[PDB]
>>> print(open('input17.pdb').read())   # PDB, C-alpha atoms
ATOM      1  CA  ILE A  45      12.338  18.549   4.669  1.00  0.00           C
ATOM      2  CA  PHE A  46      10.398  21.716   3.899  1.00  0.00           C
ATOM      3  CA  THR A  47       6.706  21.391   3.062  1.00  0.00           C
ATOM      4  CA  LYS A  48       4.110  23.471   1.254  1.00  0.00           C
ATOM      5  CA  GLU A  49       1.662  23.377   4.157  1.00  0.00           C
ATOM      6  CA  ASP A  50       4.146  25.631   5.878  1.00  0.00           C
ATOM      7  CA  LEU A  51       3.397  28.122   3.095  1.00  0.00           C
ATOM      8  CA  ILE A  52      -0.312  27.385   3.520  1.00  0.00           C
ATOM      9  CA  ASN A  53      -0.045  28.469   7.152  1.00  0.00           C
TER      10      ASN A  53
ATOM     11  CA  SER B 100      15.220 -22.534 -34.187  1.00  0.00           C
ATOM     12  CA  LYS B 101      17.491 -21.974 -31.199  1.00  0.00           C
ATOM     13  CA  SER B 102      18.443 -18.450 -32.259  1.00  0.00           C
ATOM     14  CA  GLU B 103      14.787 -17.461 -32.484  1.00  0.00           C
ATOM     15  CA  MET B 104      14.031 -19.582 -29.411  1.00  0.00           C
ATOM     16  CA  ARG B 105      16.550 -17.447 -27.534  1.00  0.00           C
ATOM     17  CA  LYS B 106      15.088 -14.258 -29.022  1.00  0.00           C
ATOM     18  CA  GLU B 107      11.638 -15.273 -27.831  1.00  0.00           C
ATOM     19  CA  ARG B 108      13.147 -16.134 -24.446  1.00  0.00           C
ATOM     20  CA  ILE B 109      14.354 -12.518 -24.439  1.00  0.00           C
ATOM     21  CA  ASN B 110      10.851 -11.444 -25.474  1.00  0.00           C
ATOM     22  CA  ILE B 111       9.070 -13.273 -22.650  1.00  0.00           C
ATOM     23  CA  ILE B 112      11.722 -12.127 -20.148  1.00  0.00           C
ATOM     24  CA  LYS B 113      11.064  -8.640 -21.515  1.00  0.00           C
ATOM     25  CA  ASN B 114       7.340  -9.131 -20.892  1.00  0.00           C
ATOM     26  CA  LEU B 115       8.077 -10.282 -17.343  1.00  0.00           C
ATOM     27  CA  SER B 116      10.306  -7.248 -16.830  1.00  0.00           C
ATOM     28  CA  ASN B 117       7.446  -5.101 -18.113  1.00  0.00           C
ATOM     29  CA  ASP B 118       5.271  -6.711 -15.446  1.00  0.00           C
ATOM     30  CA  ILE B 119       7.903  -5.950 -12.790  1.00  0.00           C
ATOM     31  CA  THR B 120       8.081  -2.446 -14.268  1.00  0.00           C
ATOM     32  CA  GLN B 121       4.326  -2.038 -13.819  1.00  0.00           C
ATOM     33  CA  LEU B 122       4.732  -3.265 -10.225  1.00  0.00           C
ATOM     34  CA  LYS B 123       7.578  -0.848  -9.468  1.00  0.00           C
ATOM     35  CA  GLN B 124       6.216   2.219 -11.278  1.00  0.00           C
ATOM     36  CA  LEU B 125       2.579   2.112 -10.221  1.00  0.00           C
ATOM     37  CA  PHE B 126       3.101   0.823  -6.701  1.00  0.00           C
ATOM     38  CA  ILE B 127       5.971   3.158  -5.826  1.00  0.00           C
ATOM     39  CA  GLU B 128       3.916   5.956  -7.416  1.00  0.00           C
ATOM     40  CA  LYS B 129       0.799   5.265  -5.379  1.00  0.00           C
ATOM     41  CA  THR B 130       2.932   4.616  -2.300  1.00  0.00           C
ATOM     42  CA  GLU B 131       4.504   8.051  -2.638  1.00  0.00           C
ATOM     43  CA  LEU B 132       1.013   9.408  -3.218  1.00  0.00           C
ATOM     44  CA  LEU B 133       0.060   7.765   0.079  1.00  0.00           C
ATOM     45  CA  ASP B 134       3.102   9.479   1.562  1.00  0.00           C
ATOM     46  CA  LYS B 135       1.892  12.817   0.195  1.00  0.00           C
ATOM     47  CA  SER B 136      -1.458  12.173   1.849  1.00  0.00           C
ATOM     48  CA  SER B 137       0.452  11.126   4.963  1.00  0.00           C
ATOM     49  CA  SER B 138       2.241  14.466   5.062  1.00  0.00           C
ATOM     50  CA  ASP B 139      -1.222  15.902   4.602  1.00  0.00           C
ATOM     51  CA  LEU B 140      -2.260  13.748   7.550  1.00  0.00           C
ATOM     52  CA  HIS B 141       0.691  13.080   9.869  1.00  0.00           C
ATOM     53  CA  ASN B 142       2.412  16.354   9.090  1.00  0.00           C
ATOM     54  CA  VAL B 143      -0.531  18.773   9.231  1.00  0.00           C
ATOM     55  CA  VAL B 144      -1.468  18.530  12.916  1.00  0.00           C
ATOM     56  CA  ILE B 145      -2.755  21.008  15.488  1.00  0.00           C
ATOM     57  CA  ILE B 146      -2.149  20.361  19.188  1.00  0.00           C
ATOM     58  CA  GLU B 147      -0.542  22.985  21.237  1.00  0.00           C
ATOM     59  CA  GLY B 148      -2.406  26.241  21.871  1.00  0.00           C
TER      60      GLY B 148
END
>>> encode(input="input17.pdb", output="structure tokens")
Amino acid sequence: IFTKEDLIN
Amino acid sequence: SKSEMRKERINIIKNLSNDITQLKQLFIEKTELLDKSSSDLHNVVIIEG
């Protein structure tokens, strides 16, 4: 599912 | 005797279940921590551009 490294990028 | 023998059976089975509980808790915990590091590893990748 959704990850925090998405938000990091 | 046999009443308290059965209670101490329950106690040693409880100790064994505590050992299994240690197994489950700590190993599933560190395994999911490995999975967190895996998503750090296998799911933070740069290839394309």
>>> closest_residue(input="input17.pdb", among="B:146, B:131, B:106, B:139", to="residue 52 of chain A", atoms="all atoms listed in the file")
B:139
>>> resolve_selection(input="input17.pdb", expression="the PyMOL selection byres ((chain B) within 12 of (chain A))", output="VMD selection string")
chain B and resid 135 to 136 138 to 145
>>> atom_distance(input="input17.pdb", atom1="atom CA of residue 108 of chain B", atom2="atom CA of residue 126 of chain B")
26.5 Å
>>> axis_aligned_box(input="input17.pdb", around="segment 102-118 of chain B", padding_each_side="3 Å", output="JSON")
{"center_x": 11.9, "center_y": -12.3, "center_z": -24.0, "size_x": 19.2, "size_y": 20.5, "size_z": 23.0}
>>> atom_distance(input="input17.pdb", atom1="atom CA of residue 103 of chain B", atom2="atom CA of residue 121 of chain B")
26.4 Å
